[PDB]
file coords-v9.pdb (PDB, N, CA and C atoms)
ATOM      1  N   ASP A   1     -17.741 -59.176 182.251
ATOM      2  CA  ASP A   1     -16.877 -59.715 183.295
ATOM      3  C   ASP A   1     -15.673 -60.426 182.691
ATOM      4  N   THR A   2     -14.798 -60.938 183.549
ATOM      5  CA  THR A   2     -13.599 -61.632 183.090
ATOM      6  C   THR A   2     -13.893 -63.104 182.802
ATOM      7  N   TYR A   3     -13.607 -63.531 181.576
ATOM      8  CA  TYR A   3     -13.797 -64.923 181.186
ATOM      9  C   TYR A   3     -12.454 -65.569 180.881
ATOM     10  N   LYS A   4     -12.344 -66.867 181.160
ATOM     11  CA  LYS A   4     -11.061 -67.560 181.066
ATOM     12  C   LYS A   4     -11.078 -68.661 180.019
ATOM     13  N   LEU A   5      -9.973 -68.784 179.295
ATOM     14  CA  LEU A   5      -9.799 -69.877 178.349
ATOM     15  C   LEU A   5      -8.613 -70.750 178.730
ATOM     16  N   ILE A   6      -8.894 -72.007 179.038
ATOM     17  CA  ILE A   6      -7.848 -72.971 179.338
ATOM     18  C   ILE A   6      -7.545 -73.810 178.100
ATOM     19  N   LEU A   7      -6.320 -73.693 177.600
ATOM     20  CA  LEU A   7      -5.910 -74.405 176.401
ATOM     21  C   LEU A   7      -5.044 -75.608 176.729
ATOM     22  N   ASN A   8      -5.539 -76.793 176.388
ATOM     23  CA  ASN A   8      -4.773 -78.027 176.536
ATOM     24  C   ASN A   8      -4.535 -78.670 175.171
ATOM     25  N   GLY A   9      -3.655 -78.063 174.382
ATOM     26  CA  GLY A   9      -3.366 -78.542 173.048
ATOM     27  C   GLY A   9      -2.081 -79.341 172.976
ATOM     28  N   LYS A  10      -1.838 -79.929 171.808
ATOM     29  CA  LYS A  10      -0.652 -80.742 171.564
ATOM     30  C   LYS A  10       0.614 -79.935 171.780
ATOM     31  N   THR A  11       0.621 -78.733 171.217
ATOM     32  CA  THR A  11       1.808 -77.895 171.232
ATOM     33  C   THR A  11       1.512 -76.581 171.944
ATOM     34  N   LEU A  12       0.251 -76.170 171.902
ATOM     35  CA  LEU A  12      -0.172 -74.948 172.559
ATOM     36  C   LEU A  12      -0.771 -75.258 173.922
ATOM     37  N   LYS A  13      -0.255 -74.602 174.954
ATOM     38  CA  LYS A  13      -0.786 -74.777 176.299
ATOM     39  C   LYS A  13      -0.767 -73.461 177.062
ATOM     40  N   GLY A  14      -1.861 -73.159 177.744
ATOM     41  CA  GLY A  14      -1.920 -71.944 178.526
ATOM     42  C   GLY A  14      -3.295 -71.564 179.025
ATOM     43  N   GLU A  15      -3.363 -70.375 179.605
ATOM     44  CA  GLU A  15      -4.599 -69.824 180.120
ATOM     45  C   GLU A  15      -4.640 -68.344 179.793
ATOM     46  N   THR A  16      -5.697 -67.925 179.114
ATOM     47  CA  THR A  16      -5.878 -66.517 178.814
ATOM     48  C   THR A  16      -7.240 -66.035 179.279
ATOM     49  N   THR A  17      -7.371 -64.720 179.403
ATOM     50  CA  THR A  17      -8.627 -64.112 179.805
ATOM     51  C   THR A  17      -9.087 -63.069 178.801
ATOM     52  N   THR A  18     -10.368 -62.736 178.875
ATOM     53  CA  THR A  18     -10.920 -61.656 178.080
ATOM     54  C   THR A  18     -11.996 -60.945 178.887
ATOM     55  N   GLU A  19     -12.236 -59.685 178.549
ATOM     56  CA  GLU A  19     -13.316 -58.929 179.153
ATOM     57  C   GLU A  19     -14.503 -58.910 178.201
ATOM     58  N   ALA A  20     -15.611 -59.515 178.615
ATOM     59  CA  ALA A  20     -16.790 -59.585 177.760
ATOM     60  C   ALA A  20     -18.066 -59.282 178.538
ATOM     61  N   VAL A  21     -19.091 -58.830 177.821
ATOM     62  CA  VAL A  21     -20.401 -58.569 178.408
ATOM     63  C   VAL A  21     -21.128 -59.878 178.741
ATOM     64  N   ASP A  22     -20.934 -60.890 177.898
ATOM     65  CA  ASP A  22     -21.508 -62.211 178.127
ATOM     66  C   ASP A  22     -20.591 -63.295 177.560
ATOM     67  N   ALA A  23     -20.827 -64.540 177.956
ATOM     68  CA  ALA A  23     -19.960 -65.655 177.570
ATOM     69  C   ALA A  23     -20.144 -66.068 176.111
ATOM     70  N   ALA A  24     -21.380 -65.991 175.632
ATOM     71  CA  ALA A  24     -21.689 -66.355 174.267
ATOM     72  C   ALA A  24     -20.489 -64.512 172.983
ATOM     73  N   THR A  25     -20.241 -63.287 173.438
ATOM     74  CA  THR A  25     -19.023 -62.530 173.139
ATOM     75  C   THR A  25     -17.693 -63.215 173.463
ATOM     76  N   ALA A  26     -17.555 -63.726 174.682
ATOM     77  CA  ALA A  26     -16.309 -64.350 175.111
ATOM     78  C   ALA A  26     -15.925 -65.520 174.212
ATOM     79  N   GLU A  27     -16.911 -66.332 173.840
ATOM     80  CA  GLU A  27     -16.656 -67.537 173.055
ATOM     81  C   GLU A  27     -16.263 -67.219 171.625
ATOM     82  N   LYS A  28     -17.073 -66.395 170.991
ATOM     83  CA  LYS A  28     -16.854 -65.984 169.628
ATOM     84  C   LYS A  28     -14.736 -64.574 169.724
ATOM     85  N   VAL A  29     -14.289 -64.101 170.871
ATOM     86  CA  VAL A  29     -12.866 -64.012 171.171
ATOM     87  C   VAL A  29     -12.112 -65.343 171.226
ATOM     88  N   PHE A  30     -12.534 -66.238 172.107
ATOM     89  CA  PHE A  30     -11.765 -67.445 172.379
ATOM     90  C   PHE A  30     -11.778 -68.446 171.228
ATOM     91  N   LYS A  31     -12.961 -68.710 170.690
ATOM     92  CA  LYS A  31     -13.123 -69.641 169.590
ATOM     93  C   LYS A  31     -12.068 -68.303 167.682
ATOM     94  N   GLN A  32     -11.956 -66.975 167.712
ATOM     95  CA  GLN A  32     -10.811 -66.236 167.173
ATOM     96  C   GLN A  32      -9.430 -66.646 167.678
ATOM     97  N   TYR A  33      -9.246 -66.642 168.993
ATOM     98  CA  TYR A  33      -7.933 -66.903 169.572
ATOM     99  C   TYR A  33      -7.436 -68.319 169.286
ATOM    100  N   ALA A  34      -8.326 -69.291 169.449
ATOM    101  CA  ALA A  34      -7.958 -70.692 169.318
ATOM    102  C   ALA A  34      -7.627 -71.065 167.879
ATOM    103  N   UNK A  35      -8.543 -70.781 166.995
ATOM    104  CA  UNK A  35      -8.106 -69.881 164.782
ATOM    105  C   UNK A  35      -6.655 -69.463 164.785
ATOM    106  N   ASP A  36      -6.377 -68.201 165.238
ATOM    107  CA  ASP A  36      -5.006 -67.665 165.269
ATOM    108  C   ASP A  36      -3.977 -68.664 165.776
ATOM    109  N   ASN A  37      -4.364 -69.528 166.698
ATOM    110  CA  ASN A  37      -3.378 -70.439 167.249
ATOM    111  C   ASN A  37      -3.560 -71.864 166.750
ATOM    112  N   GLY A  38      -4.298 -72.001 165.652
ATOM    113  CA  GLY A  38      -4.509 -73.276 164.993
ATOM    114  C   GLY A  38      -4.925 -74.408 165.911
ATOM    115  N   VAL A  39      -5.740 -74.090 166.910
ATOM    116  CA  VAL A  39      -6.213 -75.095 167.855
ATOM    117  C   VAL A  39      -7.519 -75.720 167.401
ATOM    118  N   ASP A  40      -7.518 -77.044 167.301
ATOM    119  CA  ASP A  40      -8.704 -77.797 166.919
ATOM    120  C   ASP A  40      -8.967 -78.901 167.935
ATOM    121  N   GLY A  41      -9.841 -78.619 168.898
ATOM    122  CA  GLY A  41     -10.126 -79.567 169.960
ATOM    123  C   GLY A  41     -11.561 -79.542 170.454
ATOM    124  N   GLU A  42     -11.811 -80.258 171.548
ATOM    125  CA  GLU A  42     -13.142 -80.317 172.146
ATOM    126  C   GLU A  42     -13.330 -79.215 173.177
ATOM    127  N   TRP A  43     -14.468 -78.535 173.099
ATOM    128  CA  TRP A  43     -14.749 -77.385 173.952
ATOM    129  C   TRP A  43     -15.758 -77.684 175.050
ATOM    130  N   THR A  44     -15.481 -77.182 176.247
ATOM    131  CA  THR A  44     -16.471 -77.177 177.312
ATOM    132  C   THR A  44     -16.510 -75.791 177.934
ATOM    133  N   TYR A  45     -17.639 -75.468 178.548
ATOM    134  CA  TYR A  45     -17.780 -74.215 179.267
ATOM    135  C   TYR A  45     -18.465 -74.462 180.602
ATOM    136  N   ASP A  46     -17.948 -73.837 181.650
ATOM    137  CA  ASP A  46     -18.544 -73.961 182.970
ATOM    138  C   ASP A  46     -18.931 -72.586 183.480
ATOM    139  N   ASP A  47     -20.233 -72.350 183.566
ATOM    140  CA  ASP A  47     -20.751 -71.033 183.905
ATOM    141  C   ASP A  47     -20.346 -70.579 185.300
ATOM    142  N   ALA A  48     -20.314 -71.519 186.238
ATOM    143  CA  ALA A  48     -19.970 -71.221 187.624
ATOM    144  C   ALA A  48     -18.597 -70.562 187.736
ATOM    145  N   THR A  49     -17.675 -70.970 186.869
ATOM    146  CA  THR A  49     -16.312 -70.459 186.909
ATOM    147  C   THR A  49     -15.995 -69.535 185.736
ATOM    148  N   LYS A  50     -16.990 -69.298 184.881
ATOM    149  CA  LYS A  50     -16.822 -68.495 183.667
ATOM    150  C   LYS A  50     -15.580 -68.916 182.879
ATOM    151  N   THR A  51     -15.367 -70.222 182.768
ATOM    152  CA  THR A  51     -14.149 -70.739 182.161
ATOM    153  C   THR A  51     -14.439 -71.655 180.980
ATOM    154  N   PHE A  52     -13.785 -71.370 179.858
ATOM    155  CA  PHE A  52     -13.799 -72.250 178.696
ATOM    156  C   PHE A  52     -12.617 -73.203 178.755
ATOM    157  N   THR A  53     -12.825 -74.418 178.272
ATOM    158  CA  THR A  53     -11.736 -75.369 178.140
ATOM    159  C   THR A  53     -11.773 -75.973 176.753
ATOM    160  N   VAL A  54     -10.638 -75.979 176.072
ATOM    161  CA  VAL A  54     -10.563 -76.688 174.811
ATOM    162  C   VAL A  54      -9.374 -77.631 174.847
ATOM    163  N   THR A  55      -9.642 -78.871 174.459
ATOM    164  CA  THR A  55      -8.690 -79.956 174.593
ATOM    165  C   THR A  55      -8.508 -80.679 173.270
ATOM    166  N   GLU A  56      -7.329 -80.539 172.680
ATOM    167  CA  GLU A  56      -7.007 -81.302 171.489
ATOM    168  C   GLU A  56      -6.793 -82.759 171.883
TER     169      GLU A  56
END

call {"tool": "encode", "arguments": {"input": "coords-v9.pdb", "output": "structure tokens"}}
result
Amino acid sequence: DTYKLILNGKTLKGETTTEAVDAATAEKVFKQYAXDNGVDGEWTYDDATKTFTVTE
């Protein structure tokens, strides 16, 4: 299904999606994407909304 990543970083801000079979695939894309974008913050996940949040 479609999973969402909400980025609230110092310089990086946005919302992206990915297509994954499960959230624990989605996390290991998002936790790559957040690497590529040098994001180092606190992560939360809400299953009801299939949304990841990372906050520097």

call {"tool": "resolve_selection", "arguments": {"input": "coords-v9.pdb", "expression": "the PyMOL selection byres ((chain A and resi 16) around 6.5)", "output": "list in words"}}
result
residues 3, 4, 5, 6, 7, 14, 15, 17 and 18 of chain A

call {"tool": "residues_near_point", "arguments": {"input": "coords-v9.pdb", "point": "(-5.0, -79.2, 172.0)", "cutoff": "6 Å", "atoms": "all atoms listed in the file", "output": "PyMOL selection string"}}
result
chain A and resi 7-11+39-41+54-56

call {"tool": "resolve_selection", "arguments": {"input": "coords-v9.pdb", "expression": "the PyMOL selection byres ((chain A and resi 1) around 5)", "output": "ChimeraX atom specification"}}
result
/A:2-3,19-21

call {"tool": "atom_distance", "arguments": {"input": "coords-v9.pdb", "atom1": "atom C of residue 46 (chain A)", "atom2": "atom C of residue 28 (chain A)"}}
result
16.5 Å

call {"tool": "closest_residue", "arguments": {"input": "coords-v9.pdb", "among": "A:47, A:13, A:52, A:42", "to": "residue 27 (chain A)", "atoms": "all atoms listed in the file"}}
result
A:52

call {"tool": "axis_aligned_box", "arguments": {"input": "coords-v9.pdb", "around": "region 12-21 of chain A", "padding_each_side": "4 Å", "output": "JSON"}}
result
{"center_x": -10.4, "center_y": -67.4, "center_z": 176.0, "size_x": 29.4, "size_y": 25.6, "size_z": 16.2}

call {"tool": "atom_distance", "arguments": {"input": "coords-v9.pdb", "atom1": "CA of residue 45 (chain A)", "atom2": "CA of residue 29 (chain A)"}}
result
13.9 Å

call {"tool": "atom_distance", "arguments": {"input": "coords-v9.pdb", "atom1": "atom C of residue 22 (chain A)", "atom2": "CA of residue 34 (chain A)"}}
result
16.8 Å

call {"tool": "select_by_dssp", "arguments": {"input": "coords-v9.pdb", "residues": "region 1-41 of chain A", "states": "helix (DSSP H, G or I)", "output": "list in words"}}
result
residues 23, 24, 25, 26, 27, 28, 29, 30, 31, 32, 33, 34, 35 and 36 of chain A
